[PDB]
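Q: So that we are looking at the same thing, I have put the structure below in structure tokens.
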Amino acid sequence: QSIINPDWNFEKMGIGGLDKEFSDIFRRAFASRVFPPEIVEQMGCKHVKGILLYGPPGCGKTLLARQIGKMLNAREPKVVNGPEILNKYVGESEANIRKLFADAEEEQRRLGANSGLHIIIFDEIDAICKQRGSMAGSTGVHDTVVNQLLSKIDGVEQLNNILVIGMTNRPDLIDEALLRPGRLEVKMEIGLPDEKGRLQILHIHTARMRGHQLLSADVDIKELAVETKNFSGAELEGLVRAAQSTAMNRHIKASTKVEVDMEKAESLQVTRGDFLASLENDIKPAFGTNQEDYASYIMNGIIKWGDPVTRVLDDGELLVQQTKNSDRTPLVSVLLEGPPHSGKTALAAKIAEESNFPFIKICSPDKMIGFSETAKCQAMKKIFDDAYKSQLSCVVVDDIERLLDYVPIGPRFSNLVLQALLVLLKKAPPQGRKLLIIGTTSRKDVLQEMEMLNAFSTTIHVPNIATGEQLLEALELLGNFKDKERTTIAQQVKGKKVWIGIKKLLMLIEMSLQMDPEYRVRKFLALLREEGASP
Amino acid sequence: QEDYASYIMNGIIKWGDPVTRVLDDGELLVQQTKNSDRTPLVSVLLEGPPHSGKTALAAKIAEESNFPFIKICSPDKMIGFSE
Amino acid sequence: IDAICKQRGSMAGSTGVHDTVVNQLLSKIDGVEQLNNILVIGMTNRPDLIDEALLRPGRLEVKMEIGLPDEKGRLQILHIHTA
Ligand SMILES: Nc1ncnc2c1ncn2[C@@H]1O[C@H](COP(=O)(O)OP(=O)(O)OP(=O)(O)O)[C@@H](O)[C@H]1O
Ligand SMILES: Nc1ncnc2c1ncn2[C@@H]1O[C@H](COP(=O)(O)OP(=O)(O)OP(=O)(O)O)[C@@H](O)[C@H]1O
Ligand SMILES: Nc1ncnc2c1ncn2[C@@H]1O[C@H](COP(=O)(O)OP(=O)(O)OP(=O)(O)O)[C@@H](O)[C@H]1O
């Protein structure tokens, strides 16, 4: 009797974007159980009896496990859902574990080489397979169970009709001894799909629904696939479900009571509008970008009041192009510096947005109020680790000076964060990927003295307003003072020089605007004069 | 109103122009924060020689704000607290 | 053997049976009575955690340390498996 079911077919499986992993798993697990036993005996080998999987949440682990379990024409697979074998009475946990393998042992001793096949699923293997303490005083809560499992999987007796599978999210906590090639040999990683993977996933989760004419011709599947970038597997299904629900909700109503129409429900259709709506406000990707942060950092937009803003943007674009289409330098960093209130964070955010990378994350101290240095180091480590799971990335560090906890008195600061950032600004990403880091600051000399400028590859300068003409141009662009007052103000500022940042100009304008209609110009001039220059 | 009754122990007496000047500059900031849209956050710092009566004027300005939420954070409710 | 045999006076969390087990094994392996047809073999990954009283001469004398082979060993290992 063949191991595989007579009618099994790959297309019925319903899996997309994991062809290579499935092929390798098949090759390493089942290839030896397909040809007649004579050749297998001649080669004198033993079948593998272990598998493992891991990855980030929502990638299709349980689905693959269940599919592989169903793919075999044998007994019904057992199941264990995390700590479901623990017990309070002494020694019962080990007896429970042993009970699982009794059937396989009996089968082997009875029928020998023609025995059947059995499967098991230690789902959440991490729950009861933590590393042994290996030290007196650190007795583990679950140690006898681990020892019993290790003994049974490969002990004084041999078995060749078993197969174990595991799934977890922390592959670095499993006991070391349980990962040698004799017990758990084949282990694979499940990652985020690619464009073709997303297309396949959307196609599989739509084929059926197209059977009964439930799709208008306005749905361009290729456009929908290309639009959604770096989406986990589950989120595509979530989007489709939400779109279907919102499309169906229009025919139904309720409010005071509940009722349903019967003359319109037979012409149900789903169009691209509902899809768009939901895509916008329904599913919030986890490894992507959203306009909320940009709206929070670009609150007042960007205005081209002179030449430097264009040069800065061009330099940013050049750096982005270099990192994107280069291979000898997979790590380039740029440091933005300038006087206070010069408006430097907004330019960084604009560059990051316009870069058009799949993944963008902003690490700012706003979310770390009152933390201890250990928490800050952990957060930075987590963010940088997360940034290592994409073919293109970009990270922005905001207000470095406030991150180091600097204070001129003493001076004082936190050394651990500085050491972590210094080590973390030279760690090349995993081979075959790219990265880009953009920083900001308001005190260049301090960093130059702490021996930090040898870690950054370049540097840009963001100046202030330098001449009355640029101030007048900015005022006109904002559109607050009209021509009549513009002439009077210009007649004054034109014959001198100014030194102010745009943010301070906005605040000054706002403060001035609160006075009487015909007293605004005088107070504005007085405030501008009192501001001073202080070169 | 208990907090205001506590931090203002003897009311306010106008002994000269500076009191009027301060109370008139406070309302300007209040109106700016209430009517503006390009600046949702505004801050002001009061300073003067010791024993000049700053807290009283601050409390009076806050009360005259007429805002629907006024909480005063003082250092006398955390005696013995750690950082 | 490490699972059952540990240093006496450590695992005291409702230890209904563990120290009694180890004491009984100590007594049985070599007590007032003597035998001449018993042979005890033990495999462990943590040599330094076993009880010293079980390491005395007459109970467990032979102690061998299995290590990684060398080039010659690798040669023999790969020759045996492919014959
Ligand atoms: N390639 C895929 N094609 C279709 N559906 C997929 C795919 N990958 C994952 N899924 C979806 O995964 C869902 C089941 O959740 P899943 O088992 O993937 O979560 P998980 O990764 O196991 O999460 P956890 O981290 O908690 O273990 C199903 O709805 C299934 O449609
Ligand atoms: N053309 C422009 N260039 C720069 N900033 C602009 C421009 N137009 C408007 N702005 C405003 O300038 C503000 C400057 O940003 P932000 O408030 O972070 O100040 P900053 O001076 O960069 O920071 P810091 O106070 O840390 O020195 C941005 O919020 C943006 O709204
Ligand atoms: N017009 C006034 N302006 C200010 N304070 C006044 C006025 N009239 C009376 N006072 C009294 O001033 C006192 C000031 O008390 P408070 O402890 O707040 O002083 P302070 O000088 O602001 O504080 P500190 O002692 O911390 O320097 C109030 O108790 C109030 O009784």
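Reconstructed Cβ throughout: ideal geometry from the backbone, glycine too, with neighbour counts over all protein chains shown. Every read-out reported here was derived from the displayed coordinates using simple, explicitly stated rules and does not represent laboratory data.
Q: Which of the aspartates and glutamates could a cross-linker bridge to A:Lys496, judged by Cα under 16 Å and excluding same-chain residues fewer than eight apart?
A: Cα-Cα hits under 16 Å: A:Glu469, A:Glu473, A:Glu530, A:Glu531.
Q: Turning to a different aspect of this structure: List the residues whose amide H sits under 5 Å from the amide H of A:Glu337, counting only those 5 or more places along or on another chain, with H placed 1.01 Å from N in the peptide plane.
A: The answer is A:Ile460, A:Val462.
Q: How big is the dipole moment of segment A:256-296 about its Cα centre under a simple scheme where the beta carbon of each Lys and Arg is +1, that of each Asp and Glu is -1, and everything else is neutral? Debye, nearest 20, please. Working shown, then result.
A: Details: 4 positive and 9 negative charges, 14 e Å.
Here segment A:256-296 has a charge dipole of around 60 debye.
Q: Further, regarding this structure: Report the full-extension gain for the segment B:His51 to B:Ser74: residue separation times 0.36 nm, less the Cα-Cα distance, to one decimal in nm. All intermediate terms of the calculation are to be shown ahead of the outcome.
A: Values: separation 23, 0.36 × 23 = 8.28 nm, distance 1.71 nm.
Full-extension gain reported as 6.6 nm.
Q: Right, next: How large is ³J(HN,Hα), in whole Hz, for each residue of segment A:300-307 in order, when computed from phi with the Karplus curve 6.51 cos²θ - 1.76 cosθ + 1.60 and θ = phi - 60°, using x for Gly and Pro?
A: 9, x, 10, 10, 8, 8, x, 7
Q: For A:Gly17, list long-range residues whose amide hydrogen, built 1.01 Å from N in the peptide plane, is under 5 Å from its own amide hydrogen.
A: none
Q: Follow-up question, since we're still on this one. Would any residue of segment A:501-520 have its amide N under 12 Å from a label point 7 Å out along Cα→Cβ of A:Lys484? List them or say none.
A: A:517-519
Q: Starting at the first residue of segment B:46-51, write each ³J(HN,Hα) from the Karplus equation 6.51 cos²θ - 1.76 cosθ + 1.60 with θ = phi - 60°, in whole Hz, x for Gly and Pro.
A: Each residue's phi maps through the Karplus curve to give 9, 8, x, x, x, 6 Hz.
Q: Between A:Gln470 and A:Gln431, what's the calculated FRET efficiency when r is the beta-carbon distance and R0 is 56 Å? Round to 0.05. Write down the numbers at each step before the final one.
A: Values: r = 48 Å, r/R0 = 0.85.
Result of the calculation: an efficiency of 0.75.
Q: Something else about it: With a cut-off of at most 12 other beta carbons within 10 Å, and DSSP calling the residue loop, which trypsin sites (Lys or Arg not before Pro) in segment A:424-462 qualify? Please list them.
A: Numbers: sites: A:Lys426, A:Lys427, A:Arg433, A:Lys434, A:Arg443, A:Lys444; in loops: A:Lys426, A:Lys427, A:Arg433, A:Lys434, A:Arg443.
Of the trypsin sites (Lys or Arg not before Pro), the ones in loops of segment A:424-462 whose Cβ has at most 12 other Cβ atoms within 10 Å are A:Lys426, A:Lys427.
Q: Near B:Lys71, which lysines are there with a Cα under 28 Å away, not counting those fewer than 8 places off in the same chain?
A: A:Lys367, B:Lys14, B:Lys34, B:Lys54, B:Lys60
Q: Further question on the same structure: Rounding to the nearest 20 debye, state how big the charge dipole of the protein assembly as shown is about its Cα centre with +1 on each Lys and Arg Cβ and -1 on each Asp and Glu Cβ. Numbers along the way, then the final one.
A: Details: 86 positive and 95 negative charges, 114 e Å.
Around 540 debye, computed over the protein assembly as shown.
Q: Can you work out the PRE-style zone for A:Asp24? Point 7 Å along Cα to Cβ, and I want the residues of segment A:194-209 with backbone N under 16 Å.
A: Label zone hits: A:194.
Q: Calculated from DSSP H runs of 4 or more alone, at -39500 (n - 2.57) each and per residue, what is the 222 nm mean residue ellipticity of chain A, nearest 500? Please list the in-between numbers first.
A: Working: 20 runs with 218 residues, N = 535.
That calculation yields -12500 deg cm²/dmol at 222 nm.
Q: Quick one: what are the phi-derived ³J(HN,Hα) couplings along segment A:150-158, Karplus 6.51/-1.76/1.60 with θ = phi - 60°, whole Hz, x for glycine and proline?
A: Rounded to whole hertz, the list is 4, 4, 6, 4, 8, x, 5, 10, 10.
Q: Would you check segment A:21-103 for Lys pairs whose C-alpha atoms are within less than 30 Å, ignoring same-chain pairs closer than 8 in sequence, and give me the count?
A: 16
Q: Please identify every one of the chymotrypsin sites (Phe, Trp or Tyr not before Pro) in chain B that sits in a loop by DSSP and has no more than 15 other beta carbons within 10 Å of its own beta carbon.
A: Working: sites: B:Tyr4, B:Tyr7, B:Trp15, B:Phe69, B:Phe81; in loops: B:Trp15, B:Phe69, B:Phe81.
When the chymotrypsin sites (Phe, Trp or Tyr not before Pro) of chain B are filtered for loop state and at most 15 Cβ neighbours within 10 Å, B:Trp15, B:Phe69, B:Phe81 remain.
Q: Largest first and to the nearest Å, give the Cα extent of the protein assembly as shown along each principal axis.
A: Rounded to whole Å, the extents work out to 113, 77, 65 Å.
Q: If you count the DSSP beta bridges with both ends in chain A, what percent of them are antiparallel, to the nearest 5? Intermediate results must be reported in sequence, preceding the final value.
A: Working: 5 of 30 bridges.
Percentage antiparallel, nearest 5: 15.
Q: List the residues whose amide H sits under 5 Å from the amide H of A:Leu331, counting only those 5 or more places along or on another chain, with H placed 1.01 Å from N in the peptide plane.
A: none
Q: Where does each of A:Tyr89, A:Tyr406 land when they are ranked from fewest to most other beta-carbon atoms within 10 angstrom? All intermediate terms of the calculation are to be shown ahead of the outcome.
A: Numbers: A:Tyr89 7, A:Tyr406 18.
In increasing order of surrounding Cβ atoms, one gets A:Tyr89, A:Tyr406.
Q: If you take the C-alpha gyration tensor of segment A:445-535, multiply each eigenvalue by 5 and take the square root, what semi-axes do you get, largest first, in whole Å? Kindly include the intermediate steps, with their values, before the conclusion.
A: Values: eigenvalues 229, 37, 31 Å².
Equivalent ellipsoid semi-axes, largest first: 34, 14, 12 Å.
Q: Quick one: length gained pulling A:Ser372 to A:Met299 fully straight, 0.36 nm per residue minus the C-alpha distance? Walk me through the numbers before you get to the answer.
A: Working: separation 73, 0.36 × 73 = 26.28 nm, distance 3.02 nm.
Difference between extended and current length: 23.3 nm.
Q: Counting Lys +1, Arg +1, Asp -1, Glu -1, what net charge surrounds A:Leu173 among other residues with beta carbon under 13 Å of its beta carbon?
A: Working: positive: A:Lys130, A:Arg132, A:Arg170; negative: A:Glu124, A:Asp126, A:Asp172, A:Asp175, A:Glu176.
Here the charged neighbours net out to -2.
Q: Can you return the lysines within cross-link range of C:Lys28? Criterion is Cα-Cα under 29 Å, with same-chain partners fewer than 8 residues away left out.
A: C:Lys28 reaches A:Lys152, C:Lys6, C:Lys63.
Q: Something else now. What does the charge count near A:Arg27 come to, summing +1 for each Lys or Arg and -1 for each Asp or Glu among other residues with Cβ under 14 Å from its Cβ?
A: On the way: positive: A:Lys20, A:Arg28, A:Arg33; negative: A:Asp19, A:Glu21, A:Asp24, A:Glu185.
Within the 14 Å Cβ shell, the charges total -1.
Q: Tell me the label-point distance for the pair A:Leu276, A:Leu453, using the 7 Å Cα-to-Cβ offset, in nm and rounded to one decimal.
A: 5.1 nm
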